[PDB]
Every structure is written in structure tokens, then in C-alpha cells.
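Chemist: Structure provided below as C-alpha cells; questions to follow.
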Amino acid sequence: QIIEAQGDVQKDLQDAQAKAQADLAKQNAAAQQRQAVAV
Amino acid sequence: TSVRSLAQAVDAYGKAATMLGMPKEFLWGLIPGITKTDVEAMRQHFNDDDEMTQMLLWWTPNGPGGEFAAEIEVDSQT
């Protein structure tokens, strides 16, 4: 039970971390395309 | 038909069970005041699903033990 609780809290922690990383990557790609499209 | 007091017989039998490793099931019928009917009653109801037997089986000097004392521990850990 203790290991399952720790695994669940971890799993949501890395799920939030992965979502944040994906959002950061999307924002970086948007910034890159915005700065590259200008000419 | 021994003329031994209950306290002496009980403590000696407990020491024998704990150290010589005699089967405690047979030893139940040797304490004075307990007959074969009492032994059969103990055997029939020793692991009942009711809360009474579960509480009295996993009993510790600092409160009930076993799963009852494990539930509070896992709740605190959670």
C-alpha cells in the first residue's frame, strides 16, 4: 500500500512535469517560427 | 488427577511450549478447569470473522495489533 501510494504520487508528479515540458517545447517552437518568419 | 496449582502448571506449560516447542494444541487440555469440550469450543471458534476474535487474536500489550494496528499506520503513511 505504501509503495502504491508513493508510485501514484510520483506518477502524477512526472505527468505534470511532462505536460509542462511539452507546453514549454510548444512555446519555444512558436517563438522560433515567429522569429524566423520575419524577413 | 494432579494436585498441582493452576498458576504453577500454567507457567510451566507455557515455558515448555515456548522453549521445548511442544504443540500448544495438546497443552490446552492439561490446565485444570478445562475439559475436552472447552478445547473443542476453542478449536471451533479460533479464527472467526467477527471483530471479537480478530481483536483478541492479534492483541499486543500496547493495544490491538495485526491488521487493526496496520490500518492506522498505512493511513498515517498515506
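By order of appearance in the C-alpha cells: chains A, B, ..., then residues from 1 within every chain, and ligands from 1 in the order shown.
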Would you mind listing, for every residue of chain B within 12 Å of chain A, the two atoms forming the shortest contact and the distance between them in Å to one decimal, using only C-alpha atoms, sorted by chain and ascending residue number, as CSV?
Modeler:
residue,atom,partner,partner_atom,distance
B:70,CA,A:1,CA,10.7
B:71,CA,A:1,CA,10.2
B:73,CA,A:2,CA,9.8
B:74,CA,A:2,CA,6.7
B:75,CA,A:2,CA,9.2
B:76,CA,A:2,CA,10.0
B:77,CA,A:2,CA,6.8
B:78,CA,A:5,CA,6.5
Chemist: Include N, CA and C atoms and write out the residues we just selected as a PDB file, in the first residue's frame.
Modeler:
ATOM      1  N   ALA B  70      -2.226  -2.040  11.687  1.00  0.00           N
ATOM      2  CA  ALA B  70      -1.606  -1.699  10.412  1.00  0.00           C
ATOM      3  C   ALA B  70      -2.417  -0.667   9.639  1.00  0.00           C
ATOM      4  N   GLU B  71      -3.739  -0.645   9.830  1.00  0.00           N
ATOM      5  CA  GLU B  71      -4.572   0.320   9.119  1.00  0.00           C
ATOM      6  C   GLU B  71      -4.220   1.752   9.503  1.00  0.00           C
ATOM      7  N   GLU B  73      -1.366   2.778  10.694  1.00  0.00           N
ATOM      8  CA  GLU B  73      -0.020   3.056  10.205  1.00  0.00           C
ATOM      9  C   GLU B  73      -0.033   3.398   8.720  1.00  0.00           C
ATOM     10  N   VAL B  74      -0.777   2.627   7.923  1.00  0.00           N
ATOM     11  CA  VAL B  74      -0.825   2.910   6.491  1.00  0.00           C
ATOM     12  C   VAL B  74      -1.578   4.208   6.225  1.00  0.00           C
ATOM     13  N   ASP B  75      -2.596   4.527   7.031  1.00  0.00           N
ATOM     14  CA  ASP B  75      -3.273   5.811   6.875  1.00  0.00           C
ATOM     15  C   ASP B  75      -2.329   6.971   7.165  1.00  0.00           C
ATOM     16  N   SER B  76      -1.533   6.859   8.233  1.00  0.00           N
ATOM     17  CA  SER B  76      -0.568   7.907   8.552  1.00  0.00           C
ATOM     18  C   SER B  76       0.479   8.047   7.454  1.00  0.00           C
ATOM     19  N   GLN B  77       0.987   6.918   6.952  1.00  0.00           N
ATOM     20  CA  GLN B  77       1.974   6.966   5.879  1.00  0.00           C
ATOM     21  C   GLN B  77       1.385   7.580   4.616  1.00  0.00           C
ATOM     22  N   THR B  78       0.139   7.230   4.288  1.00  0.00           N
ATOM     23  CA  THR B  78      -0.513   7.800   3.117  1.00  0.00           C
ATOM     24  C   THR B  78      -0.712   9.301   3.274  1.00  0.00           C
TER      25      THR B  78
END
Chemist: Give me every helix (DSSP H, G or I) residue in chain B, going by DSSP on the backbone, as a ChimeraX atom specification.
Modeler: /B:6-20,24-30,36-44,51-57,66-77
Chemist: One number please: CA of residue 8 in chain B to CA of residue 59 in chain B, in Å, one decimal.
Modeler: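 Distance between the two atoms: 24.0 Å.
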Chemist: What does the distance between CA of residue 44 in chain B and CA of residue 26 in chain B come to in Å, to one decimal place?
Modeler: 14.9 Å
Chemist: Please provide as an NGL selection string all residues within 12 Å of residue 38 in chain B, with the sequence filter that same-chain residues fewer than 6 positions apart are discarded (counting only C-alpha atoms).
Modeler: :B and (25 or 28-32 or 44-46)
Chemist: Quote the spacing between CA of residue 20 in chain A and CA of residue 7 in chain A in Å to one decimal place.
Modeler: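 Taking CA of residue 20 in chain A and CA of residue 7 in chain A, their separation equals 19.7 Å.
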Chemist: Select from range 39-75 of chain B everything DSSP, run on the backbone, classes as strand (DSSP E or B), then give the selection as a list in words.
Modeler: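 The strand (DSSP E or B) residues within range 39-75 of chain B come out as residues 59, 60, 63 and 64 of chain B.
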